[PDB]
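This document starts with one chain, in the form deposited in one PDB entry, laid out as structure tokens.
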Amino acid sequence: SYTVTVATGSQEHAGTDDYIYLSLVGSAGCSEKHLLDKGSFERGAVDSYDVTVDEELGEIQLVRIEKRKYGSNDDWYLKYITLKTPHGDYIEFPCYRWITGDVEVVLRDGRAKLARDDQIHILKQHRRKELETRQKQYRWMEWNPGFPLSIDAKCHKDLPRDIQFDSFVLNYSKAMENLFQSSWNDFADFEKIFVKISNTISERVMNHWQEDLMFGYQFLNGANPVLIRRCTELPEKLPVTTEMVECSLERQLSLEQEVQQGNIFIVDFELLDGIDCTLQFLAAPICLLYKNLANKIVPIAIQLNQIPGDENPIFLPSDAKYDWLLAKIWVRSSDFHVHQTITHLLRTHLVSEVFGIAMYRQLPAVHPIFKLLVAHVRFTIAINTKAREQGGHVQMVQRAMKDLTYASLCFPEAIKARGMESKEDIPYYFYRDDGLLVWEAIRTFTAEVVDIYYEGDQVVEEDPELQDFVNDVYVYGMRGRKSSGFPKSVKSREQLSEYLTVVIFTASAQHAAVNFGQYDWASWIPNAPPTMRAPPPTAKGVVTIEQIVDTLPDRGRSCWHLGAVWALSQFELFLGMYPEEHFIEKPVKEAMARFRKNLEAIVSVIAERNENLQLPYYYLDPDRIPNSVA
């Protein structure tokens, strides 16, 4: 007598009323199709059955689930199935899939298996037929020329039910309704709404956004701290002199000497150079920054376009108040657009989707890498499709593709390439510090999982599904661009560990850092103008508060930009939380546990650090890092 346990999901529509047939597949034969008829399958419910089988099945290999339409189609989310055999064996079959009535689902037991592990027909056929199905279901498509490839789906509902997301034209509605308690006339001015809705940081930004210290602070610990790099030599396009900035320098060194000492930093928006209300794209600023005596980064010079000239002045903190202020606003404007389109959209969302699609196409559910990654990438596809389904930013993505390299996705390596690695030359870079801690924890975790399933480098290289996975990413996701630096194949356990870390870190930690600071730093519009309604100033001394108000977005229109950021504020599975148990084996369960302990240690490290800070950095606190881009 077999004891069969079927667990239904707890999503709103997890439950089904349809007919459920179940049969077992053993080495010595198959049982017949048993209708699970008693009651129905309700959300959150677990259902157990006693099933007497005719013949000896041998060792159970597979479980066949069939959903027969009963009335209208009622989608059914199956978490897992367990078996208690008459021989006393306890077998678990992970599923975590939406089941429709148009097909039959077949599950392996929870133990993770490489292709070289399966040498009997029953297992080889299932594995091969599953990939065949995957590769019809999940296909590549070019949404826009030059873009990384994404899922072949025009809309969200055209996605396989498996990767569909239960379910921001709404957010708009959310902000509006929830906001009201106000009057309809509050929408005439965003600031009328702002004081009603302020967190600690945004209120700080409203009061201090005009300060050079806060301006420079954001390049390190703001919503988009990935642009700043150490300047080893003054670019010809920026004809700044010691005399121009002497007032800012504090070490009795010339500008040139400060550069050699590694005290000069630069943010260069040449990505915005050549782009076509569109006016924000008239600028492609170069911001020069200085590490003062207190080891704080402050702006010392700003040129709003790339080509130096009489129509393109170098603005300084010694200029008229409103000259300097408007220059900074333009840099904040540029940082905002790069952050939204490049740092956020391209380098976390689209990248994660590439990994997700390649995973589904090339890795069967039983593969250890599927079990590992599925929690971090699964819903990136649906979310990206929703964003897609409802010109300058397109050009930006195209131009940034050249810079989308594998090396730039490896955190420690990326920090280094920007010359920002030194903790002692740049002590107040909290995104770096926390980033490195989290990256190291994921690196340790992935490495352990790899060592458990891959006995040595040779096993990695000879894993055909892993090789196709990597190859799909390189050829399709990254368009086979050689300069991308992505591996065509993975030949060692270390290389594999690093690659998996790239995927998980990008979808979780990196995304959290560049996403969850959006409201803190962008809710006060003047610090993050989504649009600019006037061209950059082309002369010194002519700027007035009128021109600044005319350049900034309309006060009323800003309510909507504010609403968006705040509604999004309102909203989870966090890093290390794996309630969906694809892995069922003791060794990997122990690695997961060690992962969570390493994370908790980082949580304490960060907490203790934040108490000594005037403006705490909590974006990379593992307690707040989601598993995926969700």
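Numbers for residues come from their place in the sequence shown, where the first is 1. Just so we're on the same page, rigid core means the largest C-alpha set that superposes within 1.5 Å between forms.
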task = Quick one: classify how much of the deposited chain lacks coordinates between residue 167 and residue 168, choosing none, 1 to 3, 4 to 9, or 10 or more.
result = 4 to 9
task = Please say, as none, 1 to 3, 4 to 9, or 10 or more, how many residues of the deposited sequence are without coordinates in the interval between residue 390 and residue 391.
result = 10 or more
remark   = The stretch whose C-alpha atoms carry the larger average B-factor in the entry, 491-499 or 353-361, is 491-499
message = Please compare 419-427 with 468-476 and say which has the higher mean C-alpha temperature factor in the record.
response = 419-427
ask   = Looking at 106, 513, 120, 188, which has the biggest Cα B factor in the entry?
value = 188
ask   = Per the coordinate record, which of the options 590, 47, 581, 59 holds the highest CA temperature factor?
value = 59
task = Would you mind checking where the Cα B-factor of residue 408 ranks among the modelled residues of its chain, as the lowest, middle or highest third?
result = lowest
note = residue 222: CA B-factor among chain residues, third -> lowest
remark   = By the entry's values, the third containing the CA B factor of residue 400 is the lowest
query = Within this chain, which third does the Cα B-factor at residue 456 fall in: lowest, middle or highest?
reply = middle
ask   = What third of its chain's C-alpha B-factors does residue 4 belong to: lowest, middle or highest?
value = middle
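Not pictured, yet referred to below: the form deposited in another entry.
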task = Give the option from 190, 439, 93, 138 whose C-alpha shifts by 2 Å or more between this form and the one not shown; the alignment is on the rigid core.
result = 190
key: Cα displacement of residue 491 between this form and the one not shown reaching 2 Å, rigid core superposed   = no
request  = Once the core is aligned, please say if the CA of residue 556 is shifted by at least 2 angstroms between this form and the one not shown.
outcome  = yes
query = Superposing on the rigid core, do we see a C-alpha displacement of 2 Å or more at residue 282 between this form and the one not shown?
reply = yes
